[PDB]
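First the structure, in the form of structure tokens, and then the observations on it.
Coordinate-derived values only; no laboratory data. Quick reminder, even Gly has a Cβ in these numbers, built from the backbone with ideal geometry, and neighbours come from all protein chains shown.
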Amino acid sequence: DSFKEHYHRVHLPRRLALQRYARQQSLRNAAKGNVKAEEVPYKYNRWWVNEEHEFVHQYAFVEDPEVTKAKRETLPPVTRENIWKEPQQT
Amino acid sequence: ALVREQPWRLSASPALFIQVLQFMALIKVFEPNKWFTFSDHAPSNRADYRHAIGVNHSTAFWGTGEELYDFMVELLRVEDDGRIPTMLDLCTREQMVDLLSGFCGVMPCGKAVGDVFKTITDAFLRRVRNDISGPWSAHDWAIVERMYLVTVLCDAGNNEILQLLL
Amino acid sequence: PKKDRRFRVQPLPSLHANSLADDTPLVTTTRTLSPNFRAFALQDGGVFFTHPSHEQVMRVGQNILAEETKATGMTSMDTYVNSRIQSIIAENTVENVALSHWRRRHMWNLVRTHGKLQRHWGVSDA
Amino acid sequence: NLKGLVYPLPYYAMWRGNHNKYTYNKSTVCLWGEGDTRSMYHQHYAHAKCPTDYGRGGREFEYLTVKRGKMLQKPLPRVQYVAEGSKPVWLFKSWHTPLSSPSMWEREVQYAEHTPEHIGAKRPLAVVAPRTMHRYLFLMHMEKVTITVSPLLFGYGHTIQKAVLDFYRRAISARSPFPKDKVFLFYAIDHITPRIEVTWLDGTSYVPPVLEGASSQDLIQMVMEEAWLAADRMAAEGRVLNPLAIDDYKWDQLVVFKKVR
Amino acid sequence: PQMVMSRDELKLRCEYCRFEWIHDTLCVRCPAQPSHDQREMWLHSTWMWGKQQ
Amino acid sequence: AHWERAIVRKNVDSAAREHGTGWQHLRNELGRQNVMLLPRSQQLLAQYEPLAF
Amino acid sequence: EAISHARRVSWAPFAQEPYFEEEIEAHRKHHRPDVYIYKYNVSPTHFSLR
Amino acid sequence: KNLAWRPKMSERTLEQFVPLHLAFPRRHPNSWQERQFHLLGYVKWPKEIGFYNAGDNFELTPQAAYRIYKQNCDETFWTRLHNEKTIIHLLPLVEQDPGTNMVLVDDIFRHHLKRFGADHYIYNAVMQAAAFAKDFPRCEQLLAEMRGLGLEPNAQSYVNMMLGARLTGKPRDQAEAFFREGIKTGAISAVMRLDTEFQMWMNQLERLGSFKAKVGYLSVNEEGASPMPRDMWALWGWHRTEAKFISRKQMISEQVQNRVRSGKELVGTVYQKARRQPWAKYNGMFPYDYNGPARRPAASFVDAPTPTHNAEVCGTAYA
Amino acid sequence: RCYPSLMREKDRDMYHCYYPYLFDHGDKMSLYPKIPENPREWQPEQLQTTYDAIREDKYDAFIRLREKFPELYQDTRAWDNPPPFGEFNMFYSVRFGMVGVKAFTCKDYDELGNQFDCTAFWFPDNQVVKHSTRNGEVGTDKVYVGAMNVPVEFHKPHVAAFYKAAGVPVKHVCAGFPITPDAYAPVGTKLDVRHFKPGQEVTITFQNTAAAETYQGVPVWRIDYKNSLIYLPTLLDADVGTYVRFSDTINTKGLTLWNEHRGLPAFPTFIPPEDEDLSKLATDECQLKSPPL
Amino acid sequence: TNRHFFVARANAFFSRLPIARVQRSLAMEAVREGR
RNA sequence: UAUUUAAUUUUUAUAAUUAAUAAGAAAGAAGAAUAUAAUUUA
RNA sequence: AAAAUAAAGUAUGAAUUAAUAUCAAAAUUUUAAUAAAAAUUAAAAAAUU
Ligand SMILES: [Mg+2]
Ligand SMILES: [Zn+2]
């Protein structure tokens, strides 16, 4: 029983509860008949130059749950023949 | 089924709304700690505890009744006066009582949530004040009385219903 | 020698030196129920205070609570609190058993099961 | 110290010391322009940053951001104050071109909408100006400098009269690069707030704003800066401009220090 | 750079030498002839309480 | 002897905190007006007779 | 190369001073006239409180 | 070796990450805000008199400003800029009721014209007022009075001509004419061709639509009403040296610096020999950064008359 | 070296952007900071910019120079055209491995005379048994792969129950793979062996001869996709019959495993063509092999 | 480490693949290319 | 022998939201023992 | 370091040792000489080898 694992002992269930309180938003944005995944804006400034003058890049990856729900639900199409019949060059 | 891929089904028929709510109160989903407790003198924390070296990864926090209960609260969460809740003007009075006792029975406290309780009770009195003028029976008193018993149980006593019965 | 673990009184707002002047007490209590405590002067040199009773003060509290909750409605905590004010005004006795006990024993009213084993207000020989 | 899902990107977490182990904050420690400084005012970051674009603070920095929901790619901005169908003139700016020519400082794409026909201008004007301190008047693109003072107006102590005539004193003094035959002084009869008028090779005449409490070098530098603006302006007409004997911005120079022993 | 004992022991040796502030620590920098650089000796730019008094 | 009078002081002080003052003034002006209520008694009044306190 | 859009001369084929004040166009920022509107500065280009 | 706490990086590598100019986890508590308000010599005024609006700016109320005028008309310190500032303060009142507020503008006008023979400021100001009051022929009349008087109509005067020509509901080519005449005159210096730049001006004025209109900056009426700015350490600059709220005996000193002649440094020029270097200056905390802003006597109102209508609420004074 | 370049958050602002900096007004993106509609909240010494000829001309030049020279600027197209979801994002995609068995040991030669000691692994039945996303938190998703079909009476009575609930045939063994949302495959998917390309490097987790071990670099040698073997050039310290958990080694020192030069994986799962039937197909013609090391 | 994935072993099922057949098959492929 | 470390408490379907640098019915042999989960076997 | 021998075992059953409270884990300074003595912060479960 140090400081920190007692801290998380108490607070991680509270973080879970708090994000549950975050999930109910979508829920009354469901119940009233709206169906929308709340969108995340695309950020055009991901390319930058720092003080030592070199190229720095930021990676933003956006997960689409309507794609995921389709991804798990049905098979992918047949693997193209360029893939397995030719090896991966080392 | 009832939340993600078929959101309309609970709103359409209150019957299974109450049935699901009561089953969900019967197993106690909001105190999983007593799923693992063999002696009530020593309450077991199996559900609420995790350590980083891996104890209780399998018995860890299972969101179980989370989505359901939050959803079927938010079906009753229409506080907007623009449109009244669509199921509550669909329910039988006895049904209103039984789903109030549903909400009152699910929570670990044994007390209903304020918005829900207010909503249902205020929806009930506006039916009682209507139906007492029309065709009425002694059984329809049973509905009212075991409404007031729940109303006392959750600790907001109704002065109006009590002064109706007395 | 050990570190002192006795309880410490909270700091209190510093005086502006106005208090130093006589006829100005350095206790400042001007509060909601203040005007109701009426001071009378006894022949002894002692004083005589007239105050509203216990249940009157708590009834005032109840009125203020209801009057703040008329707008947004009454939340569960408000419900429980109003219940307890309402009980302690009418008390006439002392309460020694947990408030939840009655609810725990009466839970069968709330959650009804199938009708085979369903429990009623009379049970035996039926 | 990585556990759980690790992304194929080569080093994202390496700067916070190789781990993913907190990540649930929306709030970090911040210098100016860092995240939670959205809501505070600053000169630089009011015009240099969008206040949706503030990421997390110091060494925990976003190299990799994974969020869920739909993407909004909002369309790029369309450029103001030009009609469609308009055919601009195109320029080639290069590092090959040194900074000594005005061909570095102007619009790269050049429309006919942005070309003033007020002045004779074939190509539009520049957007960026060079900055130095002009210690002296040197004849740049000017052909005449007229200084008109009415002596009737009289004052004791420091006054604008003193400033303008100090402008003159500096113009005609021994160390002034300005050729001293083209500085003209006029005594006027009726009560003139002394003005300085410089006429260029365009026939255009500029009068600097002699302000209350003006001094000698203010007018000098005003004249010189406006002289640059006018060199460019005349350059817009198609005049062929001779190179300046003295360079006020030292482009071709380095700061040189004297020796040791 | 050489660390002077206090601010009084700090002089400007050349024509181009300047007084500058290194985070509340007064110092002298010459853009030419860097051997003229002088620091006032004082606390580190980053110090905690237990770590530095 | 010290622990317990510390407890008593704490209770009377918090009971004064509910009224927007504290032990620090209350002691002085129970001294000034010559009331002579021992702090133990002030605790008894704070807990069993809030109106009198 | 390593150069940013700002400070880049053309797309055709710093630590010592972190903050800037934004530049108005060259012919605009040489003498920049007052125009009273109701206690604001209005130009063809910029606004201000003054 | 937790690496969330004690990472594998040397202190030499890591000491760049120590914030010395720290922004968000702020060092100024709330209790100080009022204190640091008092030491700067600022005074809390009632809502009628003025207030610190949404940008924490102290704006002086109209009908408050006019009373300040009517007390200070003949005062020695009252300069000709104070008059035009007063008139500028009266403009929303000018629009929302032109009948009873143009009389005020004319009072200031006549009084100004007899305290000083004539001024450029005053004519700009009142033709702006007449522009907002939508009396256009008044604008031409006034301009003719300028030219007849020997006054050279200013660039601003032409912008006022354009404004009056616009919001009086009169067509383009009556504004266009003002712009072209103004640019022939050598008042407006426009770098672009006439058409596009007139487009620019009109596009600025359409953003600036009036106090009575449905779309415009001036048409926005909401005002954060505060007696005190809710951040006292607020910044117009970069550094803490450049803070927005400075002491009054400082704001005397900078005004003294402004209205005294330019012998050391450049006025009007874009060079500015002394370059802004906030990062170069002292970075460190003073004892008032710890113990709080120094205590000064709270600014008090002696012998104020009793508050009649204390129950009544002040209406937002935009009228 | 083993650190990337350090860029602070303060340092990303209009003057540091590689491409033109864009401000977001929320219905529209512009290059001018949003001018607040309430004019009285304008701060002093602030220029509200409605137009700038300096920053708009560079944008003007940039855009045109893009459409006018599309062949030079194709990398610039990354700015305006982000990859949509799925579609095998090189940096964002993590797929699952499968559960093998250490079958036997063998020896091969490459093109030159070189003795290799191969270890041959067997992939008896690999099916996606379970999906677990933990409370919907991002980057938390697992796919559970089972192997080695096993009679009804084998497992303890609580294991069989699990398999009955899933619907998947009863397996000897299950292992979880953390993966990204795009890499999902439906429950009960038969996994083939050529899910693993013969050129790649594989992460291997197995039991030592007696704790768990992880080998993070090991290249694939050869694949029998008839008998569902896979060959590897290593001698493991492991009992024959040990269940071995496979994964793709997702980065080798700054280099991604999958890239245009090196190659591309069959992404969520491999699927066989409809026209092939392995019951007609011999062992030798069923062979796949690496390029020479 | 005592978990189920690690402790359980597949020995008993090894008749499901012909080990001896594949070794000889790659012997054939050894003499076909001539190692 | 006390502390201290290291291992174990005898298959955990599964592992890591944090600390520091993880656990389902039971004991003979874990083998019916000569490495096949029966080499046909009276 | 391979080979031979010996350690869970049923039965018998000693000896050194013993001021102790269910114990005394980690760090810091102090105190008349290690200081398992103080104080403070802290973070030592059970059994077996
Ligand atoms: Mg005693
Ligand atoms: Zn030097």
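Quick notes
- For the range H:199-271: Kirkwood Rh in Å [reciprocal of mean 1/r, alpha carbons]: 16.7 Å
- The three principal axes of the Cα atoms in the range D:181-242 give end-to-end lengths of 40, 24, 19 Å, sorted in falling order.
- Local net charge near residue H:133, Cβ-Cβ under 13 Å (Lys/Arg +1, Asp/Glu -1): -1
- By the count of neighbouring beta-carbon atoms within 10 Å, fewest first, B:37, I:242 end up ordered B:37, I:242.
- Mean projection area, nm², convex hull over Cα of the range I:38-93: 7.7 nm²
- Chain D: radius of gyration and largest Cα-Cα distance (Dmax), Å: 28.4, 92
- With K and R counted +1 and D and E -1, the other residues having a Cβ less than 9 Å from that of residue C:7 yield a net charge of +4.
- Averaged over peptide B:41-52, the number of partner chain Cβ atoms lying within 10 Å of each residue's Cβ comes to 2.
- Counting Cα-Cα pairs of the range D:79-145 in 5 Å increments starting at 0 gives whole-percent bin shares of 3, 12, 17, 20, 18, 14, 9, 4, 2, 0.
- Order of D:119, D:172 under a 10 Å beta carbon neighbour criterion, fewest first: D:172, D:119
- Taking 19 Å as the straight-line reach from the Cα of residue I:102, the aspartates and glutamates in range (excluding those fewer than 8 positions away in the same chain) are I:117, I:125, I:192, I:201, I:213, I:224, I:237, I:239, I:248.
- In the protein assembly as shown, taking the dipole from charged Cβ atoms about the Cα centre, the farthest positive-side position among H:5, I:240, J:14 is held by I:240.
- Relative to the longest principal axis of the Cα atoms of chain D, the long axis of helix D:216-237 makes an angle of roughly 80 degrees.
- Dipole in debye (nearest 20) - chain D, about Cα centre, beta carbon charges: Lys, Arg +1; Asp, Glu -1: 1540 debye
- Binning the C-alpha pair distances of the range H:135-197 at 10 Å intervals from 0 yields a P(r) profile of 21, 55, 22, 2 %, listed from the shortest bin outward.
- Over chain H, all Cα pairs binned in 10 Å intervals from 0 give whole-percent P(r) values of 4, 17, 24, 25, 16, 8, 3, 1, 0, listed from short to long.
- Within chain D, antiparallel bridges make up roughly 70 percent of the DSSP beta bridges whose residues both belong there.
- Along its three principal directions, the equivalent ellipsoid of chain A from the Cα gyration tensor extends over semi-axes of 35, 28, 21 Å, largest first.
- Packing-based ranking, highest mean first, of B:115-125, C:25-35, D:193-203 given that Cβ atoms within 10 Å are counted: B:115-125, D:193-203, C:25-35
- Summarising the strand pairing of the protein assembly as shown, around 85 percent of its internal DSSP beta bridges are antiparallel.
- Label-point separation, residue H:110 to residue I:264 (7 Å along Cα→Cβ), nm: 8.6 nm
- Among the GluC sites (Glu not before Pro) in the range D:1-83, none sits in a DSSP loop with a Cβ that has at most 13 other Cβ atoms within 10 Å.
- Residue by residue along E:24-33, Cβ atoms of other protein chains within 10 Å of the local Cβ number 2 on average.
- Translational diffusion of the range I:105-163 was estimated from the Stokes-Einstein equation, with Rh taken as the Kirkwood radius over Cα pairs; at 25 °C and 0.890 mPa s the coefficient is 157 µm²/s.
- Neighbouring partner chain Cβ atoms per residue of B:111-119, average, 10 Å criterion: 4
- Cα centre as origin, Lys/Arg/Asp/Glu Cβ charges: the range C:19-126 dipole, Debye: 960 debye
- Over the residues of chain H, the helix contribution to mean residue ellipticity at 222 nm works out to -12500 deg cm²/dmol, using -39500 (n - 2.57) for each DSSP H run of at least 4.
- Per residue convex hull volume, Cα atoms of the range B:14-81, in Å³: 120 Å³
- Among residues other than residue I:265 with Cβ under 11 Å from its Cβ, the summed charge is +3 (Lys and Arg +1, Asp and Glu -1).
- Highest mean packing comes first when the peptides B:53-62, C:53-62, H:89-98 are listed by Cβ atoms within 10 Å, giving H:89-98, C:53-62, B:53-62.
- Angle in degrees between helix H:136-149 and the longest Cα principal axis of chain H, rounded to the nearest 10: 90 degrees
- Segments D:239-250, B:64-75 sorted - mean Cβ within 10 Å per residue, highest first: B:64-75, D:239-250
- Dipole of the protein assembly as shown, positive end: most advanced residue of G:3, I:54, D:178 [Cβ charges, Cα centre]: G:3
- Centre separation in Å (Cα based) which lies between the range I:1-54 and the range D:177-191: 49 Å
- Contact order for chain C, expressed relative to its length and based on alpha carbon pairs under 8 Å spaced 6+ residues apart, stands at 12 percent.
- Convex hull volume of the range G:7-50 per residue (C-alpha atoms, cubic angstrom): 134 Å³
- Based on C-alpha pairs under 8 angstrom that are at least 6 apart in sequence, chain A has a relative contact order of 12 percent.
- C-alpha center-to-center spacing [the range D:96-135, the range H:49-72] in angstrom: 45 Å
- With Rh defined as the Kirkwood radius, the inverse of the mean 1/r over Cα pairs, the Rg/Rh of chain F is 0.94.
- Gap separating the Cα centres of the range I:233-293 and the range I:102-175, nearest whole Å: 15 Å
- Gyration tensor analysis over the Cα atoms of the range H:8-66 returns equivalent ellipsoid semi-axes of 44, 13, 8 Å (largest first, whole Å).
- Along its three principal directions, the equivalent ellipsoid of chain C from the Cα gyration tensor extends over semi-axes of 50, 23, 18 Å, largest first.
- Residues H:170, I:197 arranged by fewest to most Cβ contacts within 10 Å: H:170, I:197
- Violating pairs (Cα-Cα greater than 18 angstrom) within the set D:21/H:8; H:134/H:212; D:67/I:253: D:67/I:253
- Calculated over the protein assembly as shown: convex hull of Cα atoms, volume per residue (Å³): 334 Å³
- Helix-only CD estimate at 222 nm, as mean residue ellipticity for chain I, using -39500 (n - 2.57) per DSSP H run (n ≥ 4): -3000 deg cm²/dmol
- The range I:1-112: relative contact order as a whole-number percent, Cα under 8 Å and 6+ apart: 10 percent
- Over 24 Å between alpha carbons, listed pairs G:39/H:273; D:26/I:10; A:43/H:214: G:39/H:273; A:43/H:214
- Magnitude of the charge dipole for the protein assembly as shown, about its Cα centre and with charges confined to Cβ atoms of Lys, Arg (+1) and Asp, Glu (-1), is about 3260 debye.
- Whole-number D in µm² s⁻¹ for chain E, Kirkwood Cα-pair radius fed into Stokes-Einstein, 4 °C, 1.567 mPa s: 109 µm²/s
- Signed unit charges on C-beta, dipole axis of the protein assembly as shown, positive-most listed residue I:120, D:47, H:122: I:120
- Degrees separating the helix D:160-172 axis from the principal Cα axis of chain D, which is the longest one: 80 degrees
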